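Notes follow once the structure below has been shown.
All chains are named by letter (A, B, ...) in the order of the sequence lines, taking the proteins before the strands, and each is independently numbered beginning at 1. Only heavy atoms go into these numbers, but all of them, side chains included; no hydrogens, no water, no symmetry mates.
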Amino acid sequence: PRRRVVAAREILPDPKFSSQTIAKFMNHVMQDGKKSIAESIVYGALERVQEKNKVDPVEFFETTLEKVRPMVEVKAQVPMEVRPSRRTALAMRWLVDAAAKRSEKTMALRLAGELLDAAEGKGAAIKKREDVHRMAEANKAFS
Amino acid sequence: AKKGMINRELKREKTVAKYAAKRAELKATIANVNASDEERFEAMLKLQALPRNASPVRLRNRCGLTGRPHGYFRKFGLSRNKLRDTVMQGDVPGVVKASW
Amino acid sequence: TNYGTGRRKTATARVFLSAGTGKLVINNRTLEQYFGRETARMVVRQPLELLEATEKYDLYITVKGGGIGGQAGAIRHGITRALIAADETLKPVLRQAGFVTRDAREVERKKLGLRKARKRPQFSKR
Amino acid sequence: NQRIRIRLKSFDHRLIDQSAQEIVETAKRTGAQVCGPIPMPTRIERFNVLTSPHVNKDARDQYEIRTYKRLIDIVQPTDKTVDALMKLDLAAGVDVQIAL
Amino acid sequence: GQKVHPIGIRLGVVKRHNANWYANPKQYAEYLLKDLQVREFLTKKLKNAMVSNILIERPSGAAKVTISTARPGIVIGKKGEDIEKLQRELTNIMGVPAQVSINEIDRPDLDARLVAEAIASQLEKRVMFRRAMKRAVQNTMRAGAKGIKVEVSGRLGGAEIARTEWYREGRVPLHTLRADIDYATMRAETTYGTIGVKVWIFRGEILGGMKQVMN
Amino acid sequence: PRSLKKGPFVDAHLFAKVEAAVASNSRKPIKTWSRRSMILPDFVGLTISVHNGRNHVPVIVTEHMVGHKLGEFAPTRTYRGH
RNA sequence: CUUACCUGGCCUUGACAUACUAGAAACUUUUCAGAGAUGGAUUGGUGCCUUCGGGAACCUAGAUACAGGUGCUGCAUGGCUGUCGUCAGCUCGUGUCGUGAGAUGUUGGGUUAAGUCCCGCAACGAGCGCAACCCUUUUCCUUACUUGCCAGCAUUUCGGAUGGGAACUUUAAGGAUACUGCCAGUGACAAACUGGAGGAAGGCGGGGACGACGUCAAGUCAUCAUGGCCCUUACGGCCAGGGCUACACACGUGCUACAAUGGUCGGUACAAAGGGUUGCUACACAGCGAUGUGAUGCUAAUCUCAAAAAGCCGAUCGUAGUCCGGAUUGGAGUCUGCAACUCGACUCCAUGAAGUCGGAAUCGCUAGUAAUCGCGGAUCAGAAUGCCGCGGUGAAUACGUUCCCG
Ligand SMILES: CN(C)[C@@H]1C(=O)C(C(N)=O)=C(O)[C@@]2(O)C(=O)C3=C(O)c4c(O)c(NC(=O)CN5CCCC5)cc(F)c4C[C@H]3C[C@@H]12
Ligand SMILES: [Mg+2]
Ligand SMILES: [Mg+2]
Ligand SMILES: [Mg+2]
Ligand SMILES: [Mg+2]
Ligand SMILES: [Mg+2]
Ligand SMILES: [Mg+2]
Ligand SMILES: [Mg+2]
Ligand SMILES: [Mg+2]
Ligand SMILES: [Mg+2]
Ligand SMILES: [Mg+2]
Ligand SMILES: [Mg+2]
Ligand SMILES: [Mg+2]
Ligand SMILES: [Mg+2]
Ligand SMILES: [Mg+2]
Ligand SMILES: [Mg+2]
Ligand SMILES: [Mg+2]
Ligand SMILES: [Mg+2]
Ligand SMILES: [Mg+2]
Ligand SMILES: [Mg+2]
């Protein structure tokens with residue numbers, strides 16, 4: 001805004017696992033206020049991955065989001081360093097967008113699939129991160 | 001409105017008032033079961049024979065001060081143009097400007 | 001033995017709290033019967049879980065009004081006030097946890113000339 | 001158990017409250033025991049009225065009218081209570097109904 | 001921009017209605033139409049008696065009409081014949097029997113409607129409108145108003161193009177809800193058309209609200 | 001459609017005209033404005049000129065037309081293409 | 001019907017007012033011709049006031065001054081309304097410099113939502129605007145105890161149902177609270193701005209009404225009134241049928257979808273606001289159903305519309321123009337209405353179109369908001385995807401003022 005700065009909107013942690021990151025991803029997944037269906041999808045994916053490979057769901061999700069998180073951006077065109085909140089937001093948006101275009105029937109198992117793909121290193125979100133890195137390198141000199 | 005239209009309305013109202021009783025009796029006879037189908041048919045035929053302005057379906061609500069046929073507001077018997085003025089002059093008991 | 005009232009989005013809850021072993025009843029139904037989500041149950045359980053006194057008291061509750069989330073929030077608020085009445089010294093902990101504050105958010109009214117509270121009609125650009 | 005029930009309706013809650021308090025005072029002076037007044041829920045009726053004569057859909061006045069109801073119960077009434085209640089005058093704007 | 005009605009905006013704030021009676025939804029329309037007819041009849045019949053306010057009540061199967069006038073003698077008549085005739089005529093117009101009451105206005109110069117009526121009469125008799133407005137303003141301010149405003153719109157002096165002009169003196173806080181602000185409109189019918197006259201009189205602020213007014 | 005319990009609707013004057021026409025063998029067309037009457041079996045073999053708004057179009061009643069309103073055979077609007 | 005338009009059939013001091021003259025209580029029962037408007041017959045009756053030698057109400061017949069016009073002029077007007085825009089401005093006295101019109105105040109530093117406030121200054125001060133006074137929402141207290149409520153006692157055909165209680169919820173009147181109040185920075189030491197403690201709530205707490213001087217010869221002679229023009233055997237009035245619903249096309253505003261975060265079926269939860277006596281209807285029976293019949297309680301915190309739906313649990317469908325979508329058409333009905341052809345709503349069986357997310361461009365939204373789900377009402381015999389309201393679930397993002405708009 002022109003005048004003054006608005007404080008960040010506090011988001012209550014996820015009741016089950018007490019993770020603000022999980023709550024933020026859940027809200028990213030939500031559509032039309034259907035929080036119950038979003039919760040079902042996210043908890044189901046976390047439980048599936050935990051059962052498949054024995055790892056703490058919160059730790060694994062944080063580690064994967066770290067890999068998928070970007071590093072640089074360009075603003076209208078001059079490169080700039082992304083802020084921590086925008087980093088996480090872009091990462092989660094990229095994961096959900098790539099899942100939207102994935103070819104599997106459902107969304108929860110199809111989200112777990114992309115989580116494993118990103119953990120391995122090959123995925124649409126990682127490709128988009130590499131593309132933004134390339135474009136930032138191309139416009140590096142400015143600023 | 002036009003004075004001819006107002007008088008048409010008044011004439012239709014008078015006709016309805018005149019024929020109210022017989023039309024109701026005929027409807028009851030039509031709807032009666034114990035009576036024979038012959039009597040019910042004759043009642044229906046007479047009902048159809050009643051003059052058209054006897055039917056209340058043809059009455060149109062009109063303002064009451066100007067005869068306007070649109071925006072009637074049954075509760076006040078007045079169209080919006082006069083209702084706004086009468087309310088804002090303080091001549092309609094209990095009516096104020098609403099805010100919530 | 002102690003009482004509290006809770007309010008959230010047109011919902012009102014009456015909470016009776018007494019020394020007990022951990023029984024909880026809402027409108028003559030168990031928590032899992034009354035609420036179908038896990039989030040509602042966790043919201044109901046937050047205050048005693050924080051106080052580490054879940055199995056210390058018995059809860060008899062009636063509620064009416066609003067929806068499921070509102071009813072859960074009202075129950076939490078009522079339980080919080082009942083616990084404060086039982087022991088005022090819990091008030092700092094509960095106020096830190098944010099259970100003391102009564103949420104005053106409510107639905108904004110529809111406005112003349114608008115589809116909703118703030119959504120306008122579409123405006124053709126010439 | 002020859003109780004009496006009084007129902008008050010009004011468009012002005014101050015007027016209806018004044019009337020109810022007058023009734024309560026009269027009953028207490030006569031010596032009977034009274035229950036109430038109990039506030040019954042209000043009726044709110046709303047209306048939208050175009051302000052322009054020809055065409056401006058968004059330009060409207062919003063009006064409302066309120067009906068307030070009060071209930072009074074008189075129990076164990078003395079013979080002198082009924083005549084005093086009947087004597088009590090009628091205030092404009094406050095409809096009063098009495099049931100024995 | 002357009003202004004709200006000063007009387008209407010204050011109907012439940014500091015001023016009373018001109019009609020006091022309860023009715024069911026079925027009887028409300030009949031009562032309203034009969035009351036409006038009575039108002040229309042009374043205005044015409046008492047045009048020359050300097051009548052400002054009319055208050056109508058239907059207490060119980062009856063009618064009470066209070067007329068605020070600056071000439072009670074004209075309405076009363078020599079020995080009450082006029083009031084008796086008026087009472088009979090209103091009892092004819094309204095189904096229930098009716099009673100009439102007179103309220104003497106001691107100060108016509110603080111009554112908005114009487115001022116507007118005088119201005120309209122002068123304009124119809126072709127007095128200069130600027131003189132009329134100045135004299136009315138000074139008369140009201142001597143009467144003791146805390147503020148006065150007068151407006152006149154139309155074909156002034158029979159001009160081909162109409163215009164509007166106004167004069168104010170004192171203070172008139174229209175946006176202040178608790179202000180006592182009398183308001184009135186009036187028509188002057190001249191050979192060239194209609195001239196509208198509007199009068200505002202500010203008489204101070206009412207303190208205490210409706211409870212003070214003792215509804 | 002009109003409920004079966006009430007039977008079909010035909011104007012009394014039109015019905016009287018049709019009854020007279022069947023009773024006495026006359027093929028003169030019957031002029032009517034009653035577009036809303038329903039065609040009955042008794043009409044078959046007759047000619048009814050039905051008003052359309054400015055004219056009375058002649059219609060020869062057949063067995064196929066039974067169960068129709070007279071106005072269905074007298075179109076009201078005129079159109080031939082833009 | 002509304003209806004102001006068209007075709008045809010009709011009347012003429014008129015469907016409606018005042019004045020003059022004569023006869024008749026008004027009214028009321030049945031037919032005939034006509035599409036109806038109309039015309040012509042045919043029944044019952046002679047009140048109410050009276051100084052009774054008459055008059056009141058209402059009709060019929062004559063008569064002219066007139067009635068009648070949604071005909072024209074929104075550029076001849078009143079009243080009413082849109083817009084810049086809730087943008088923050090517009091002024092006036094007296095002093096002051098200037099021969100002068102004028103200036104000043106109202107200009108400058110910050111600050112704010114703001115000509116809001118504090119500082120300077122030959123200006124001093126005040127008005128209409130801003131703010132506040134009004135309505136609604138959040139915390140608590142007093143009064144009130146039903147038709148509304150049920151913590152503790154009992155009685156129970158386990159249903160606050162009963163005896164009962166006045167506690168809690170709620171209903172609705174009247175009050176308290178919040179004021180930078182306290183604290184630390186901060187700033188010209190001031191205004192003001194940030195961060196803490198208590199508090200339900202902390203810096204206009206959230207919404208609503210309230211529209212300054214003025215601008216567009218802006219809108220409305222078809223709500224109404226009104227100057228002046230026009231028509232008067234019609235530009236007035238009555239009636240039956242048709243049209244306002246047309247259809248090679250082009251625009252604006254919406255609803256429903258293109259599916260798996262979903263469709264179908266079975267089971268099972270939780271609202272707020274309104275409406276109801278020529279009205280809403282418990283319950284039983286009949287029907288696949290829209291509905292029908294009988295019957296019951298409600299003039300309503302009492303009876304009723306009423307099933308909240310998204311939600312949760314279980315099974316099935318497995319990416320197909322499909323178990324997605326529901327346009328179009330063929331049959332068969334119901335109800336409201338004198339009457340559903342032109343031209344109603346709804347119900348059942350059959351049919352199953354376009355559509356697989358939409359170019360350039362362009363629109364709304366800063367929080368209980370957007371998105372999404374259902375519920376009510378005014379108009380109204382019947383006829384909402386429109387309008388005006390109500391609640392349920394409930395996000396994302398603001399680095400900043402370079403760029404577009406005002
Ligand atoms: C696009 N359109 C809405 C315009 C527009 O855009 C704007 C705008 N500012 O944007 C507007 O002003 C308008 O809407 C509008 O309102 C106008 C008028 O009234 C008007 C008028 O009344 C007379 N009157 C006479 O000639 C009388 N004569 C006497 C004898 C014979 C005729 C003459 C005349 F040229 C006009 C101009 C219009 C223009 C109109
Ligand atoms: Mg007229
Ligand atoms: Mg109608
Ligand atoms: Mg909503
Ligand atoms: Mg609300
Ligand atoms: Mg609109
Ligand atoms: Mg059909
Ligand atoms: Mg028509
Ligand atoms: Mg204009
Ligand atoms: Mg125009
Ligand atoms: Mg203000
Ligand atoms: Mg113009
Ligand atoms: Mg015109
Ligand atoms: Mg017609
Ligand atoms: Mg149309
Ligand atoms: Mg399921
Ligand atoms: Mg389907
Ligand atoms: Mg295709
Ligand atoms: Mg904003
Ligand atoms: Mg309807």
Side-chain angles (χ1 to χ4, degrees), chain A residues 1-2 6 27 30-38 41 83 105-107, chain B residues 2-4 7-8 47-48 50 52 55-58 60 63 66 68-69 72 79 81 97 99-100, chain C residues 3 5 10 12 14 16 36-37 65-69 71 101-102 104-110 112 117-125, chain D residues 13 17 35-41 47-48 51-56 59 71 73, chain E residues 1-4 9 13 153-155 160 162 171 175-178 187 191-196, chain F residues 1 3 9 13 32-36 51-54 69 71-72 75-77 79 81-82:
Chain A
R2 280 174 196 292
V6 298
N27 291 349
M30 173 158 70
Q31 312 176 340
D32 299 333
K34 293 181 79 163
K35 183 77 83 146
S36 184
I37 297 88
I41 284 163
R83 292 188 296 272
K105 283 178 315 166
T106 56
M107 185 64 72
Chain B
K2 278 192 307 163
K3 300 294 187 291
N7 288 354
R8 284 218 290 261
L47 171 70
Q48 300 178 358
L50 282 171
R52 279 190 185 180
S55 173
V57 65
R58 290 156 69 82
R60 178 82 174 204
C63 176
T66 74
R68 200 170 188 286
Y72 178 62
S79 279
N81 288 89
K97 264 178 91 74
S99 65
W100 69 95
Chain C
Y3 173 78
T5 305
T10 74
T12 307
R14 311 155 63 245
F16 291 87
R37 305 201 227 180
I68 51 177
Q71 291 198 336
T101 294
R102 186 267 182 275
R105 281 177 309 162
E106 58 88 22
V107 169
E108 197 177 13
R109 62 160 276 196
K110 199 210 159 289
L112 159 69
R118 298 193 182 186
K119 185 199 190 161
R120 295 214 213 278
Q122 167 155 285
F123 177 80
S124 179
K125 183 62 70 181
Chain D
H13 72 80
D17 279 317
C35 289
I38 302 91
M40 303 274 85
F47 301 92
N48 298 71
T51 55
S52 167
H54 186 46
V55 291
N56 285 275
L71 176 64
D73 276 346
Chain E
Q2 280 72 247
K3 275 71 179 169
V4 66
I9 197 69
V13 193
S153 311
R155 300 178 70 188
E160 182 65 26
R171 58 189 296 271
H175 280 78
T176 308
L177 302 167
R178 64 171 165 197
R187 288 165 75 88
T191 185
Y192 295 127
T194 307
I195 293 161
Chain F
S3 287
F9 171 77
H13 50 71
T32 191
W33 292 260
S34 182
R35 294 171 63 87
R36 72 191 178 170
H51 198 247
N52 69 357
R54 51 167 170 190
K69 307 309 213 64
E72 304 203 38
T76 58
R77 307 189 179 90
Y79 172 76
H82 318 278

At 4.0 Å (heavy atoms only), tell me whether [X] reaches a base, stays on the sugar-phosphate, or touches nothing.
{"X": "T191(E)", "answer": "sugar-phosphate"}
{"X": "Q48(B)", "answer": "sugar-phosphate"}
{"X": "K105(A)", "answer": "base"}
{"X": "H175(E)", "answer": "base"}
{"X": "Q31(A)", "answer": "base"}
{"X": "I38(D)", "answer": "base"}
{"X": "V57(B)", "answer": "base"}
{"X": "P75(F)", "answer": "nothing"}
{"X": "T5(C)", "answer": "sugar-phosphate"}
{"X": "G193(E)", "answer": "sugar-phosphate"}
{"X": "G81(F)", "answer": "nothing"}
{"X": "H82(F)", "answer": "base"}
{"X": "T176(E)", "answer": "base"}
{"X": "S36(A)", "answer": "sugar-phosphate"}

Exercise. Is the CZ atom of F16(C) crowded by more than 12 outside heavy atoms at less than 6.0 Å?
Worked result: yes

Problem set entry | Atom CZ of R109(C) with >12 non-hydrogen neighbours under 6.0 angstrom | yes

Ignoring hydrogens and angles, tell me if any N or O in the side chain of [X] forms a donor-acceptor pair with the backbone of [Y] under 3.5 Å.
{"X": "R35(F)", "Y": "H51(F)", "answer": "yes"}
{"X": "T32(F)", "Y": "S34(F)", "answer": "yes"}
{"X": "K119(C)", "Y": "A117(C)", "answer": "no"}

Please confirm if [N] pairs with [M], counting Watson-Crick and G-U wobble geometry and requiring both distances below 3.5 Å.
{"N": "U329(G)", "M": "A350(G)", "answer": "yes"}
{"N": "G358(G)", "M": "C258(G)", "answer": "yes"}
{"N": "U43(G)", "M": "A300(G)", "answer": "no"}
{"N": "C388(G)", "M": "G100(G)", "answer": "no"}
{"N": "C335(G)", "M": "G344(G)", "answer": "yes"}
{"N": "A123(G)", "M": "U94(G)", "answer": "yes"}
{"N": "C221(G)", "M": "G294(G)", "answer": "no"}
{"N": "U293(G)", "M": "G85(G)", "answer": "no"}
{"N": "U46(G)", "M": "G364(G)", "answer": "no"}
{"N": "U38(G)", "M": "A33(G)", "answer": "yes"}

[atom1] atom, [N] versus [M]: distance in rounded Å?
{"N": "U83(G)", "M": "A76(G)", "atom1": "P", "value": "26 Å"}
{"N": "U7(G)", "M": "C230(G)", "atom1": "P", "value": "28 Å"}
{"N": "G108(G)", "M": "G89(G)", "atom1": "P", "value": "11 Å"}
{"N": "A272(G)", "M": "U138(G)", "atom1": "P", "value": "13 Å"}
{"N": "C323(G)", "M": "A259(G)", "atom1": "P", "value": "15 Å"}
{"N": "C346(G)", "M": "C265(G)", "atom1": "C1'", "value": "26 Å"}
{"N": "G205(G)", "M": "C133(G)", "atom1": "P", "value": "11 Å"}
{"N": "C221(G)", "M": "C75(G)", "atom1": "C1'", "value": "13 Å"}

Syn if the chi torsion is within 90° of 0, anti otherwise; quick check, which is [N]?
{"N": "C403(G)", "value": "syn"}
{"N": "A384(G)", "value": "syn"}
{"N": "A19(G)", "value": "anti"}
{"N": "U402(G)", "value": "syn"}
{"N": "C312(G)", "value": "anti"}

Exercise. If you measure from the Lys or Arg side-chain nitrogens to the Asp or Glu carboxylate oxygens, is any gap between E160(E) and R155(E) under 4.0 Å?
Worked result: yes

Suppose we define a pair by two distances each less than 3.5 Å, Watson-Crick or G-U wobble; what does [N] pair with here?
{"N": "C59(G)", "answer": "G23(G)"}
{"N": "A354(G)", "answer": "none"}
{"N": "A340(G)", "answer": "none"}
{"N": "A320(G)", "answer": "none"}
{"N": "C153(G)", "answer": "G163(G)"}
{"N": "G368(G)", "answer": "none"}
{"N": "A192(G)", "answer": "none"}
{"N": "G82(G)", "answer": "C216(G)"}

Under the criteria of ring-centre distance below 5.5 Å and plane angle below 30 degrees, do [N] and [M] stack?
{"N": "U356(G)", "M": "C357(G)", "result": "no"}
{"N": "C255(G)", "M": "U256(G)", "result": "yes"}
{"N": "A307(G)", "M": "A308(G)", "result": "no"}
{"N": "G199(G)", "M": "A200(G)", "result": "no"}
{"N": "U146(G)", "M": "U147(G)", "result": "no"}

Do you know which two heavy atoms are closest between [X] and [Y], and how far apart they sit?
{"X": "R118(C)", "Y": "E108(C)", "value": "NE-OE1, 3.4 Å"}
{"X": "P69(B)", "Y": "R60(B)", "value": "O-NH2, 3.2 Å"}
{"X": "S52(D)", "Y": "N56(D)", "value": "OG-ND2, 3.5 Å"}

Exercise. Is the shortest heavy-atom distance from the side chain of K35(A) to the side chain of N27(A) under 4.5 Å?
Worked result: yes

Exercise. So, do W33(F) and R36(F) sit near enough that their side-chain heavy atoms are less than 4.5 Å apart?
Worked result: no

Exercise. Of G69(C) and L47(B), whose closest RNA chain G nucleotide lies nearer the 5' terminus?
Worked result: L47(B)

Seminar exercise, completed: By nearest-heavy-atom nucleotide on RNA chain G, the more 5' of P53(D) and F9(F) is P53(D)

For this session: Considering only heavy atoms of chain A and a distance under 4.0 Å, specify the first and last nucleotide of RNA chain G in 5' to 3' order that meet this criterion.
Result: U112(G) to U401(G)

